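Have a look at the structure below before the remarks.
All of the numbers you see were taken from the coordinates with simple rules; none came from a lab. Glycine gets a Cβ as well: all are built from the backbone with ideal geometry, and neighbour counts include every protein chain shown.
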Amino acid sequence: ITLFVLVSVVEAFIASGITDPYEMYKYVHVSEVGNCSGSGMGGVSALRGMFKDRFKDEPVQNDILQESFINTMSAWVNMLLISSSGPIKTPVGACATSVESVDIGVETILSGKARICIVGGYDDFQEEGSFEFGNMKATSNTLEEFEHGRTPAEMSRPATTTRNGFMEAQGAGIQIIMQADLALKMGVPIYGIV
Amino acid sequence: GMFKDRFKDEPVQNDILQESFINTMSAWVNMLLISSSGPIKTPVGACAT
Amino acid sequence: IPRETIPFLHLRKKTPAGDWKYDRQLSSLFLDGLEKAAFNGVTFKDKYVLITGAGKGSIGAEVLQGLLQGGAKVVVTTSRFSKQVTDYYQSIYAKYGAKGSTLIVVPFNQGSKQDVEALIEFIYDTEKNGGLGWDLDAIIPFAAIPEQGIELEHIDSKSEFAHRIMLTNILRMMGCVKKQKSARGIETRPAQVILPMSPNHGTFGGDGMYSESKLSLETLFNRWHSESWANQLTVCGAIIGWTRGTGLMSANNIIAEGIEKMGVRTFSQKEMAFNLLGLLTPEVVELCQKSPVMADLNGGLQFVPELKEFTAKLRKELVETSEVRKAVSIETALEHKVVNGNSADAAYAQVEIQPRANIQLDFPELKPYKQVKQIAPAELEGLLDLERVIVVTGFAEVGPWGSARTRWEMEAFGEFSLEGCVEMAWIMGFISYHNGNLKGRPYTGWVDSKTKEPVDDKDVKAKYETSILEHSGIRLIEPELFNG
Amino acid sequence: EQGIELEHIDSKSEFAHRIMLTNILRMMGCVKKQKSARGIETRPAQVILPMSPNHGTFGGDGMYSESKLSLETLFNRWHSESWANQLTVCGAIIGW
Amino acid sequence: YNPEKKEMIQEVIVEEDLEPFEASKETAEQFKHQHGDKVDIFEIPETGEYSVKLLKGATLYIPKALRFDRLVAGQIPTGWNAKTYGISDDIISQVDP
Amino acid sequence: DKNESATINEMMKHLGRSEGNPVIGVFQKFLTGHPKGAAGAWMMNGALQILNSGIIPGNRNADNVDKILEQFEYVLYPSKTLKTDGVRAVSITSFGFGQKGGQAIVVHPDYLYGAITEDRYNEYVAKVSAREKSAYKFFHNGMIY
Amino acid sequence: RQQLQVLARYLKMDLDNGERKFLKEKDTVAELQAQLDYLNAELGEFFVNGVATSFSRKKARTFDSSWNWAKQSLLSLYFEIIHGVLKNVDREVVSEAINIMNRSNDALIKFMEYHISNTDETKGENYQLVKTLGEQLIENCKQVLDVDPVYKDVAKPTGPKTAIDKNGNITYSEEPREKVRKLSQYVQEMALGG
Amino acid sequence: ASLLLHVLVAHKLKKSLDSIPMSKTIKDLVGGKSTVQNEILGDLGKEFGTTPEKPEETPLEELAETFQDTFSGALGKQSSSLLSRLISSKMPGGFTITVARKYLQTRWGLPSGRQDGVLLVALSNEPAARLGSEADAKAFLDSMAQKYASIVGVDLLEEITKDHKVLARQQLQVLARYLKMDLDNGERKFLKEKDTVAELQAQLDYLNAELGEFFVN
Ligand SMILES: Nc1ncnc2c1ncn2[C@@H]1O[C@H](COP(=O)(O)O)[C@@H](O)[C@H]1OP(=O)(O)O
Ligand code: NA
Ligand code: NA
Ligand code: NA
Ligand code: NA
Ligand code: NA
Ligand code: NA
């Protein structure tokens, strides 16, 4: 999950024409670049290492616990790219964490605690999660879909008569948000007003 | 229950996943006591949450 | 209609002698139906129809568009049930499906006795029993498979099967809806069967058992009288004429213009669909209930003699003219080259430019101020604290459709640009950049990651797109991606 | 086939139709192939087709009428296909 | 939980065919699905249950026990019970502590 | 999908949205599936791309719209892409386990430039144009190497 | 080997029962295989494969949401005219008008009324064109509200044209028929014969 | 069907039979926990086959009578799975479901139908941990036989020769191992062939369904 976030953050800075994160510190205090991105379950592969692989006495990094936490994707982003000493408010919002993130991000800038904020959500897919969503009957039953002659392409069909559960996926999404006044000053692209 | 008890085919509630999430303590509080339709912003902050 | 003249579309009456001759009166009834239909339209509201053989590119599909436009409720069979076919019929309904219309697509093999019985059971069964709870008003059994190059001595498995689809299981299908109606004491809602008949029975040869299939259907004109099913089914034979396919280059289309020079009419699929939908007008529905109807929809083709030898001559003369011109062309080209040299024809061959991908960041377009100031109210200028306006400055994703660039192409357009295709090929590791010698020659650009063979951007789509789509988006879980 | 109307047409009738049409076509085809194999262009076999004047006139004949009517294609296939030197067709419309 | 006796499991490869044992058809089929060649299952004609012969080459998990060296924790006082605060049995069994 | 349709429909009904002016729904998960936490970040990326392109993508898997949703007269469920002559604002709505409701509104960025002077805008346009050329330089180098 | 044998005898174990049952089953396989082979010899592979079942009630897709598709059709027409994809000559705009009329209800009229009335003709000739087409289409839909919908093919009827260039390439186009521009005229052509 | 439905709904909510009154509905008993309603309806479909129109709103007394009209008295897939798990997870080593039916036939003289009832009652009084001794397992089934006696209203050595046949059986096994004899190869090949018979029989049955006996003969 941390790899998906690192790639997403990098690509998002490039989409904002910020090639070197440290450019922000020409315009802004080290204390005023924040990360309000979050996750529903976080590093679930690390959770398996903790709870299952350890139980089987399979070899597992001694720091595996650190890698499971929802707030360590944002930690690696700061420790590898950003180097901010700014806000770090990490939402758990299940399927809504990305919008919760934007909300926290907006309020964090409007409070004066930050002028730029990384924002968004991320979650992986793994055996255990898939099974549990199945036990809750939240996900489409693929054998039922096949009985109905549905191909995988057409198994996620919102607002349809025959819709029959959600199709689970994996990945990350990052936005960079800032004061319009700063965006204009920095001459970065402006894709939308929150 | 999700990662170990299931693996051992020990019986485990089918909604066990819902009960693991950081944001469902706050859900039960709202669903049993408060009944607010107000903000719900749930931080993960390790030792600083 | 000039008396002494037989129209290009007419109905027929059975003479006591037993032949089906043109009838001026019935033909007037039908042709007036068509004229009315063309100016004012025909409604099919409250008409329940089963149609087999309505695949894309067919006459059936043009009939189906019409039924839906008129508010019919229709069951379409497909023997090629698939997401492509499912989406095809959805787009037809989304375009033509009138108020009161419904379209029901079912997989169905008219070759299978079991499918025939199961389909009719499904149509007639209650909604409580997972059926449609319908009672059919029209059956259009156009399902068929081509037989070509199969003369008498070649007739085998395919032909015997084809004959099952195109005759024996049509009888079975009719019999089933007869049984279902009678079972429920339905004596006063006959289903009109639009039989697809042929004017030419082993005229051309090599059609396997096509001609035997299509001629056999002509018994139903008499069985309607002689058996106990007249109140349940009515028979409406359409003698379907020469029908130019999807309007592309066919071996049959190229001689159509030639056939028409004889004073004879070939038909577009829309024309033939109109002709056929003209048999579901209230007037001819009622005519079918009196006695079996027979509609010649064969553009006076009956009247050109030795139709096979003539057809065959038209094709020979076209092909001859083409072949000799192509040969004489190639030879005068070579005679030029020998006389003038390979110099003369290097100062001829143009230089073509193939595209390379040029992936863009797509920053938003900034319009000139005069134009952008018209968007927002005049009053907004200097009204906002811009430190308290929050703005998205950049965005990105990692997901089933690659980057935000590639996902957007797929979301919005359903297919990749060159730039989309090259980005996916790069993400997925199909291709890697290379800059240095490749087998002693210097090379700059894409290379297949496995073979290290060079790859032009123009070839990326042909080489890798099928795999990119097979292994992107929502698909079967690949164990290598989730730790086995 | 007796007492078999449209809705009764099943195994017996589909089989009867095989005897009385599809395997007659097959039989003709075989003697065509055997003659041609031996370059026999000048000894046609005369096929006395047993045809019917009544096609679903009486009803309840299963697929009798479809069998007997189908045979009438051979009047045209003799001209349109490559077997005219091997088989000749002689339809007998057999009465009561 | 006893930090002095952590329960773990060790993968071992069966060196010798095991003694057969009885199990449901459903369970026997589950064993067969996992082990393939390396287990035989056979219907017991009388009972309708199945015999399960785990064969040489099959993988087993044999419980073993670790001594851990964090023996102490700040724990909510012994006897604490959500029930004494008024929380229903139905909430207690639904919800994480 | 029913709950969401009903809550959007009632938001519009209460704020007196014009009869005959339904919001146009995009259902991005037909293509991507549901990535839990990231769900709304993908939807936001899409909203931004819609605003800037003026293109509203179609739910290509909307084979048949649930009859139950006809009642929500302020929602349109398109099956195919519309190239519009502009989109001024987009609603992103999210619903998570444990009563996590969410709405963001994103407004078209050209509404910002209304607030500043011609001089300031022109300076910005110059500066972005330069940054963009440099970003393209960075991106292509970073991709191939 | 002999010690095993005497132990088997004592236990009343029948060491060969398994192989006995197998040999018997192997025979009934060959017996069935021959019956199935005979049917393939008589009917042929094409027929035996061909006669396989496809129909299945659970694969029945059902399309009935015309109420939604009308508003989509309308908006697609509207923007095609604004962008000049459709012009005031194209017959596609007459037939797409028929399909909208064929779905006229109170909601559809309210939808067109909103969109057509709120289009600003001053934005360009295409906006004026759609506003006029729109007003006319609303008037139509009002009249045909409470009228049975109708099959009306308004397409350009065509005839075959075959051409062979100087280099013997064979072209086939579908060309407009001389004196036959619409189906009213097609019916006339058919009545007169030849 | 009333004992079978009571036990399945009681065991799901993890409550004794007396805690769940049969006058209440599934929707009622579940509270707002629709996650658990979907499981009970899935379990009743797995068990009996079909279901009334709205089973969640039908009181369990009434649901029982609808199932009773189409019920053979046989245990069905869901009950059988839960009784297999009860025995395999809560009974002491070697105490099979077959050992537990031999004990209910020997000690209490109950045939296959009544043992089905004793084990259903045992499932709704499922011990929390595995029982320690064969003594504790018999003590449990004795207590569960008397609870079944209440609910249905009913009133309640050649082991040396077996011990030798076990020795003989094991001596055979070690000799077979030494000889590299695969005593079960025969049965293995038979099971495989029996499957390819059913496979062909189905192909031949399908052709008879399509063409009919008259044509195929
Ligand atoms: N076995 C079959 N069962 C049903 N319909 C068939 C079968 N084989 C072919 N068809 C249909 O016959 C039609 C013939 O059309 P045409 O007039 O172009 O010959 C096809 O488009 C096809 O529809 P589909 O392809 O959906 O099965
Ligand atoms: Na899943
Ligand atoms: Na919890
Ligand atoms: Na290019
Ligand atoms: Na994505
Ligand atoms: Na569909
Ligand atoms: Na679709």
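Summary table below
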{"read-out": "Inter-part distance where the range A:1-47 and the range C:384-459 are each reduced to a Cα centre, Å", "value": "21 Å"}
{"read-out": "Members of H:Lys14/H:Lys46; C:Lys47/C:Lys95; C:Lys450/E:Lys32 lying beyond 31 Å, as alpha-carbon distances in this model show", "value": "C:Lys450/E:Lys32"}
{"read-out": "Centre separation in Å (Cα based) which lies between the range C:74-131 and the range G:9-77", "value": "22 Å"}
{"read-out": "Gyration tensor verdict on the range C:355-462 (Cα atoms; rounded if a/c is under 1.5, prolate if a/b is larger than b/c, oblate otherwise)", "value": "prolate"}
{"read-out": "Dipole magnitude of the range H:1-156 about its Cα centre (Cβ charges: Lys, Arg +1; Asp, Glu -1), debye to nearest 20", "value": "660 debye"}
{"read-out": "Dipole-positive endmost among H:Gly113, H:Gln173, H:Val216 within chain H (Cβ charges, Cα centre)", "value": "H:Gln173"}
{"read-out": "Likely footprinting exposure, F:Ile105, A:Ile14, fewest C-beta neighbours within 10 Å first", "value": "F:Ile105, A:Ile14"}
{"read-out": "Loop trypsin sites (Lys or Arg not before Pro), the range D:35-96, which have at most 15 other Cβ atoms in a 10 Å radius of their Cβ (DSSP)", "value": "D:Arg38"}
{"read-out": "Residue exposure sequence - G:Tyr151, C:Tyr433 - by fewest surrounding Cβ within 10 Å", "value": "C:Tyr433, G:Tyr151"}
{"read-out": "Between helix F:39-53 and chain F: long-axis angle, C-alpha atoms, 0 to 90°, nearest 10", "value": "60 degrees"}
{"read-out": "Chain D: angle of helix D:23-37 to the longest principal axis, Cα-based, in degrees nearest 10", "value": "0 degrees"}
{"read-out": "Of E:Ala73, C:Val339, D:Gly60, farthest towards positive along the dipole that unit charges on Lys, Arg, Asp, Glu beta carbons give the protein assembly as shown", "value": "C:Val339"}
{"read-out": "Relative exposure of H:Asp195, B:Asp15, F:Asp110, A:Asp57, judged by other C-beta atoms within 10 Å (fewest first)", "value": "H:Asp195, A:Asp57, B:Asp15, F:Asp110"}
{"read-out": "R0 of 45 Å, Cβ-Cβ distance C:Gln371-F:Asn3: FRET efficiency to nearest 0.05", "value": "0.60"}
{"read-out": "Loop-located trypsin sites (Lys or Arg not before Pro) in the range G:1-101 whose Cβ has at most 14 other Cβ within 10 Å (DSSP)", "value": "G:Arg1, G:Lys12, G:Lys87, G:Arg91"}
{"read-out": "Estimated FRET transfer efficiency when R0 is 22 angstrom, pair C:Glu415-C:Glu470 (beta carbons, to 0.05)", "value": "0.90"}
{"read-out": "Residue-averaged beta-carbon neighbours from other chains (10 angstrom radius) around C:108-117", "value": "6"}
{"read-out": "Euclidean distance of C-alpha centroids, the range D:1-69 and the range H:12-38, integer Å", "value": "69 Å"}
{"read-out": "Overall form of chain B per C-alpha gyration tensor (a/c, 1.5; a/b vs b/c)", "value": "oblate"}
{"read-out": "Inter-chain shielding of C:370-377 (mean C-beta neighbours from other protein chains, 10 Å cut-off)", "value": "5"}
{"read-out": "Under Karplus coefficients 6.51, -1.76 and 1.60, residue-wise ³J(HN,Hα) of the range C:186-201 in Hz, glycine/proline x", "value": "8, 9, 10, 9, x, 8, 7, 9, 7, 5, x, 9, 10, x, 10, 10"}
{"read-out": "Cα gyration tensor shape for the range H:157-212, rounded if a/c is under 1.5, else prolate or oblate", "value": "oblate"}
{"read-out": "Separation in nanometres of the label points that stand 7 Å from Cα toward Cβ, at H:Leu41 and C:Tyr88", "value": "3.7 nm"}
{"read-out": "Span-rule helices in chain G, defined as complete DSSP H runs reaching 30 Å or more along the axis (Cα) with Kyte mean at least -1.0", "value": "G:17-43"}
{"read-out": "Test item: Cα-centred dipole of the protein assembly as shown, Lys/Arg +1 and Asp/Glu -1 on Cβ, debye", "value": "1080 debye"}
{"read-out": "Spatially proximal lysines relative to E:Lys6 (Cα-Cα < 23 Å; intrachain offsets below 8 disregarded)", "value": "A:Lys52, A:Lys56, B:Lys4, B:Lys8, E:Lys64, H:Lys90"}
{"read-out": "Average partner coverage of C:202-212, which counts Cβ from other chains inside 10 Å", "value": "6"}
{"read-out": "Top positive-direction residue, dipole computed over chain G with Cβ charges, set G:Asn126, G:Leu15, G:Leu39", "value": "G:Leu15"}
{"read-out": "Magnitude of the charge dipole, the range H:157-212, Cβ model with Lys/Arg +1 and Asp/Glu -1, debye to 20", "value": "440 debye"}
{"read-out": "Globularity index of the protein assembly as shown, i.e. its alpha-carbon radius of gyration over 2.2 N^0.38 Å", "value": "1.11"}
{"read-out": "Nearest-ten-degree value, helix E:25-35 long axis tilted from longest Cα axis of chain E", "value": "80 degrees"}
{"read-out": "Over chain C: helical MRE at 222 nm, DSSP H runs n ≥ 4 each giving -39500 (n - 2.57), nearest 500", "value": "-12000 deg cm²/dmol"}
{"read-out": "Pairwise FRET efficiency - C:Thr15 versus D:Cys30, Cβ, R0 = 30 Å, nearest 0.05", "value": "0.15"}
{"read-out": "Hz values of 3J(HN,Hα) by residue in the range C:143-155 - Karplus curve (6.51, -1.76, 1.60), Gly and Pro given as x", "value": "3, 6, 10, x, 10, 9, x, 10, 7, 2, 6, 9, 4"}
